[PDB]
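Comments concern the structure below.
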Ligand SMILES: CCCCCCCCCCCCCCCC(=O)O[C@H](COC(=O)CCCCCCC[C@@H](C)CCCCCCCCC)COP(=O)(O)O[C@H]1[C@H](O)[C@H](O)[C@H](O)[C@@H](O)[C@@H]1O
Ligand SMILES: CCCCCCCCCCCCCCCC(=O)O[C@H](COC(=O)CCCCCCC[C@@H](C)CCCCCCCCC)COP(=O)(O)O[C@H]1[C@H](O)[C@H](O)[C@H](O)[C@@H](O)[C@@H]1O
Ligand SMILES: CCCCCCCC/C=C\CCCCCCCC(=O)OC[C@H](COP(=O)(O)OCCN)OC(=O)CCCCCCCCCCCCCCC
Ligand code: HEC
Ligand code: HEM
Ligand SMILES: CCCCCCCCCCCCCCCC(=O)OC[C@H](C)OC(=O)CCCCCCCC[C@@H](C)CCCCCCCC
Ligand SMILES: *C(=O)CCCCCCCCCCCCCCC
Ligand code: FES
Ligand SMILES: [Cu+2]
Ligand SMILES: [Cu+2]
């Protein structure tokens, strides 16, 4: 009954998703109760037809029932206040911001595909002395001594001394699981661990959704400069396997082609995968080595052809 | 958009043609059908409902209609252009709207 | 509706002299012949080089590049099994930068052909590139990579 | 564009590259450079010839398989080189505009497009007759030379035509 | 350069692999392969901004560049190393040459422009229309390196002018003519755009004819 | 105009409260301090309603109770000379067309079509404003 | 510019006369010769702006 | 008040007794006011025929032909509606 | 005229190089008075006839069109008098509204002329106002039979 009444909510795979789904079930229960009573009122007053027995006498013509107005304007306030308290306590576990993440994934989301960096891994049980790449971050400070003019301008840069095309906010890593248009990216994560996602976008605002996480976040170009908390954590992921992930914003033409996968494997499988990726190997090769299908099983790559009726 | 979404494949629409459709469908329905028709009903009966003979500035409300009509048309005019209408959705978020994106 | 399923921009080949042969798992790009000709034909018995880039499409690999020979007896000096989700660059197209002081496997799989048949610029000559996956005729052109105009003799009015 | 001296210079197939268009003229060895007075009149005649200018197009080898050829013009092309008259078949303006990756020779005067891939048949605009195709080849030394003459009158049509 | 190649690769991987697939091979029906395009093609296209392209349409429009000169050079070097092809001109120092591309002869440049460029662009480098939604853009924004590289690599529906077809001296002359025609003030008043008949007729009908009709209405009497 | 002014006074009170609370709760408890966009928008919509309400209150104090404001007001009380309401006019459509020609000139960056649309707009606004003041032609 | 205004004013005058009916019974020959005049002006400007070989 | 009424005697010469009437065109006597409906019907039919005939041409395109078909169809529909209504006496 | 000769540039022949058959620009328009003939050339749909061993190019179509235009313009007063029946000596003009059919016909003719004039400019219209050149050509082709009818109906009703 829970699945049917959840209105197509995928049963969460992380405690945050489970709790959010429970809140959704409660909210839908309350909303359906309110809807049932109001629809009952409507279909009941629809029984107050203009009966032919009604002689030349109009109805009571009352209007203006102050006590009833007060009752029906105080009860909704209490209902929404309870909903708001539950919403606040649930939202509290939206990003606990644990200062000790077990694996940090640098999620760059560029124009019409994804890239996952594996910025840092530090298992609480004790393992994975791994880190990201501090180099490769090259600024674009246009601090030339002189511009077109002869002297005096000594222009530093448009914004904070930097040109708009800077990409210093973008952080890079040694292990990059870039997604090609013909090879859907598969971010592999260890099951049972705390996984932090540091979200960034290369070109345009867009979204990052894992329907099984019951949570999405907008990958912004420069979240820190935009006053956005791009980074967000997931306490755990119990269920293993591959879970589709969509882009949940507007990106451009190929916005529906940004589907990726999150493949939750066992911690030992993640050990083997990261070791074999540190060794020169692609994501598909590492998946095959750890004996898991290399290509995204939940979603095939979209046909790069612009449509069915195009003549190939 | 609905005919295209009936089947999983891209039967007859391209990605950007579809993107233009919900952009203009969203804006046309809101800004060229919903927001200009409240003043359509207001101009219809509001002077009647308050007992007035006409609106305060009856040449101005005439200008308002024509600004609506011609303003609406030049937004629809994106279609006749080879590129098409606006790709970005009705919301028209910032980075996707700048000259770099959707030029 | 120039943006429909059939749009000009998308269906455009690269503005390069080399032809493209997508047939087979490995895709051939910018496949041309460096055959500097001093006259109408490149006479048989002269060695001309065969440029192209073999890009692997699938990660599951087709790195064999068995023969890729046709009329001309194309030979692959420094042959290697490069294509694994990557590029095999047989030669150095004019303007190519080595990208590092050293090199891997000496020459990067340079393909050279002893013509055994006249060829001239502007004609298309069929080459059968055969990987373990399959074989494809490509109809390679002749490209003058970056050589400037050869001075034509001044004309004496008559 | 040299002002006056050696205005016309022999040409070689290698000079053009795939997706390239070059305007060429009918130069004879006797029509040497413009240094002499005898020359610079033959050369002026060549330049001012209404039906003289031709456009040499290097069809991309990838798209060479989309080429359709006219009756009696099948061997006119030299490999991937196609020489079509610039004079538009309708009212005779040059059709100088060329769109590569579309292979469309557009005429600015009245917006007529000819499909260079096929024989240069008009696929839009007022023009109804295909542009005349010049037979081309390479002589000794590889220089491009016309392999004959147009098999049809090349300018715009008139009453006494198609026979 | 090693670091230049690495920077070009990093920019490529997060900019265009969705439509010029990794390994520089083209994505079928989204973008052409960049093997053989060369550094000149990358410089022209990205600097003009056409390449961070967010639609497949009749023509990729120009736009503000998404990369600064250093990143343009990085991308160009990456593409040149992968494919190998034409290279953008550079001056003695190493920066992309701008003034060095101004050919000395302007009459020769104009003749070549009219024979080859004006065919579609204009008499003086204003824009021109093409078959189906395409158009030759105005050249007044392009800088000498951009003009030279545009000739060197036919960007889109534009004939590719090799160095053999147009010796770098001829291309320099054409660049000089383009810049001169663009930066030259209209003698005789406001050149209404650059197209004679159409802007001139509109200006007649709007400026001269409304003036004449208004003066006639002032002088005469309505009846 | 007591109720007309009091409506805007209530709106001003609410919008001032919203602006103040937003500014405080964004200066503290926000990721990057004051938002500076919502804050300014709320402050200046408070200003919008404040200007309108202040003018309405000034007018309410300046004017005696109108029949419209007066309950138990007979129709004859307000019966009289209503002012000039513009009859038929074709200047609004011309103003709209001129502004549309300026707007398309702005969209398609055509300085010449902007310049002309603006001229067009000036001409049509002049026509609309002078419509009922152009004295008889003097020959 | 005078040629352009000449053509434009001939066109406007033709509009005036046609719409006000300044051609019927009398002045019909005047309209005829005016039409000839307009055609001559058109071709005169055609030869004029064609005069400087351009 | 500063306006004088106008007296006009224009020379008249069809006598307007058949065709259009002042109730339909107030200035019927002052100028040509009636175009025979057959003229407009045949003009619309020939315009539709011309639009359809322009489909035959040297254009590889197909949206052009479809636009011609649509415009000719609406023209023919308008002409047919007008003719039918006038046949029945302007009914439905 | 002097102010415009000063302040506005007309026909910069120096910009327009010397005539050479091999050279051309994209504009290629005549002055606005011949723009309607040029637009007729552009719009007419490439209909050519080939009698026994002969050709009848599309130029004859536009030539006959111009001939018809001039013949109708010259012979309108006689056409109008034959149609209506009025040969009375008319010295008092009639307001265009007072003659709905003639003002409608004149509006239709002006609409056709404007359509042709802008068809001749479709190249620059397409270039500046971003509309595909084929779209502009076919807009002209369809309009030259649709727009005259629309303008006729609108002008007739407007006069009434
Ligand atoms: C009433 C009588 C008065 C007549 C007007 C007289 C104005 C005199 C102006 C002052 C003297 C002459 C200046 C000549 C210097 C000069 O030429 O002026 C250009 C400007 O040009 C523009 O943009 C236009 C800017 C907008 C202002 C002018 C608009 C006036 C129009 C509206 C008048 C005609 C009426 C038409 C009515 C339209 C509505 C129809 C319904 C400015 O340079 P620029 O901008 O950079 O030109 C680019 C090269 O650089 C670059 O290479 C090249 O490639 C190009 O891009 C070129 O534009
Ligand atoms: C004087 C103007 C008034 C005219 C009045 C007459 C009104 C009737 C207009 C008739 C419109 C006809 C439109 C069709 C025309 C047609 O057949 O062409 C098409 C392009 O469709 C379109 O956009 C249709 C756009 C239609 C919009 C018409 C807008 C009317 C405007 C002009 C009215 C405002 C007038 C302003 C008056 C100003 C007053 C001045 C005082 C396809 O070209 P293409 O681009 O090559 O498409 C290829 C694919 O097909 C292929 O799959 C794919 O592979 C690609 O190759 C793709 O390119
Ligand atoms: C209300 C109607 C609503 C109709 C709405 C439909 C909108 C969908 C249109 C385009 C979508 C993008 C596809 C873009 C590609 C086109 C699809 C295709 O390939 O369809 C097959 C062939 C061409 O084959 P081709 O390969 O293109 O090559 C060809 C030469 N080489 O056309 C056909 O038979 C089938 C016809 C295809 C489109 C024709 C539509 C034009 C106008 C319709 C009516 C206008 C009415 C005006 C009223 C006054
Ligand atoms: C589909 C979106 C799109 C993206 C984003 C894009 N390209 Fe392209 N690219 C194309 C298309 C389509 C063409 C051919 C048509 C054109 O250029 O207009 C092309 C062609 C090119 C060319 C010229 C090829 C030639 O033969 O002249 C270069 C150089 C190039 N791309 C490099 C890049 C670089 C570098 C980037 C990232 C900075 C990039 N592109 C991003 C689609 C794209
Ligand atoms: C009768 C109506 C006339 C019209 C419509 C007309 C029109 C024109 C036009 C548009 C030009 C082009 C000018 C240019 O491009 O700079 C021109 C050129 C010329 N006109 Fe006329 N003209 C007329 C009468 C005349 C007359 C009466 C003369 C001699 C008295 C004349 C002599 C010339 C000359 C010599 C030129 C060449 C100028 C040049 O090449 O720049 N025209 N004419
Ligand atoms: C008979 C005359 C009256 C019309 C009769 C009923 C007219 C009914 C017209 C059905 C039209 C059906 C179209 C089917 C599309 C098709 O299958 O081809 C696809 C093609 C490839 O896609 C395009 O290229 C663009 C398609 C979009 C058209 C944008 C037009 C926007 C108009 C604006 C510019 C405003 C103009 C002002 C117009 C002002 C008028 C307002 C109503
Ligand atoms: C490319 O040039 C345009 C692509 C747009 C294709 C989809 C068009 C949707 C239909 C728009 C309706 C226009 C108004 C209809 C008037 C009856
Ligand atoms: S002159 Fe070439 S199409 Fe008319
Ligand atoms: Cu997305
Ligand atoms: Cu995105």
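Chains as they are written, first to last, in the numbering used here: chain U, 5 to 316; chain B, 3 to 105; chain E, 70 to 227; chain H, 3 to 165; chain X, 2 to 224; chain P, 3 to 141; chain F, 2 to 55; chain D, 56 to 147; chain G, 18 to 177. Using N, Cα and C, we set each Cβ at its ideal position, and we do this for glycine too.
Asked: Closer than 7 Å to chain G by CB, residue 82 (chain B); Found: yes
Asked: Backbone CA spacing between residue 111 (chain D) and residue 30 (chain X) [nearest angstrom]; Found: 32 Å
Asked: Cβ-based contacts, 9 Å cut-off: residues of the region 250 to 279 of chain U near chain B; Found: 253, 254, 255, 256, 257, 258, 259, 260, 261
Asked: Near ligand 2: residue 68 (chain B) beta-carbon under 6 Å from a heavy atom; Found: no
Asked: Beta-carbon separation (whole angstroms), residue 133 (chain G) vs residue 53 (chain G), contact threshold 8 Å; Found: 4 Å
Asked: Beta-carbon contacts of residue 252 (chain U) that lie in its chain and below 6 Å, excluding the five residues immediately before and after; Found: 211, 213, 220
Asked: Residue ranges of each alpha helix (DSSP H) within the region 57 to 128 of chain G, 4 or longer; Found: 75 to 101
Asked: Proximity of residue 200 (chain U) and residue 108 (chain U) at Cβ, strictly below 7 Å; Found: yes
Asked: Interface flag, residue 93 (chain D) vs chain G, CB-CB below 7 Å; Found: no
Asked: CB of residue 129 (chain P) within 7 Å of CB of residue 92 (chain P), strictly; Found: no
Asked: Exposed unless 16 or more other CB atoms sit within 10 angstroms - verdict on residue 126 (chain P); Found: buried
Asked: Closer than 8 Å at the beta carbon, the chain B residues around residue 59 (chain X); Found: 84, 85
Asked: Within chain F, partners of residue 225 (chain X) - CB distance below 7 Å; Found: The requested residue 225 (chain X) is not part of the displayed model; chain X covers only 2 to 224.
Asked: Closer than 7 Å to chain B by CB, residue 67 (chain X); Found: yes
Asked: Residue 103 (chain X) Cβ short of 6 Å to ligand 2 heavy atom set; Found: no
Asked: For review: beta carbons within less than 5 Å of any heavy atom in ligand 6; Found: B:75, B:78, B:79, B:81, B:82, E:70, D:118, D:129
Asked: Proximity test, residue 99 (chain P) beta-carbon vs ligand 2 heavy atom, cut-off 6 Å; Found: no
Asked: Residue 169 (chain G) vs residue 125 (chain G) beta-carbon contact at 7 Å; Found: yes
Asked: Contact residues within the region 25 to 50 of chain P, judged by C-beta distance below 9 Å to chain U; Found: 32, 33, 34, 35, 37
Asked: Cβ-Cβ distance between residue 113 (chain U) and residue 223 (chain U) below 7 Å; Found: yes
Asked: The region 224 to 243 of chain U touching the region 269 to 285 of chain U, judged by at least three CB pairs closer than 8 Å; Found: no
Asked: Coil, strand or helix - residue 225 (chain U) by DSSP; Found: coil
Asked: For residue 123 (chain X) and residue 45 (chain F), the rounded distance between their alpha carbons; Found: 26 Å
Asked: Residue 103 (chain H) beta carbon less than 7 Å from that of residue 81 (chain E); Found: yes
Asked: Reduced DSSP category for residue 90 (chain P) - H, G, I as helix; E, B as strand; rest coil; Found: coil
Asked: Inter-residue spacing [alpha-carbon to alpha-carbon] between residue 44 (chain H) and residue 31 (chain H); Found: 11 Å
Asked: Proximal residues, the region 86 to 114 of chain P versus chain X, C-beta separation under 8 Å; Found: 114
Asked: With 16 other Cβ atoms within 10 Å as the buried cut-off, status of residue 66 (chain P); Found: exposed
Asked: Proximity test, Cβ basis, 7 Å: residue 113 (chain H) and chain G; Found: yes
Asked: Nearest candidate by alpha-carbon position, reference residue 61 (chain D), set G:150, G:151, G:138, G:109; Found: G:109
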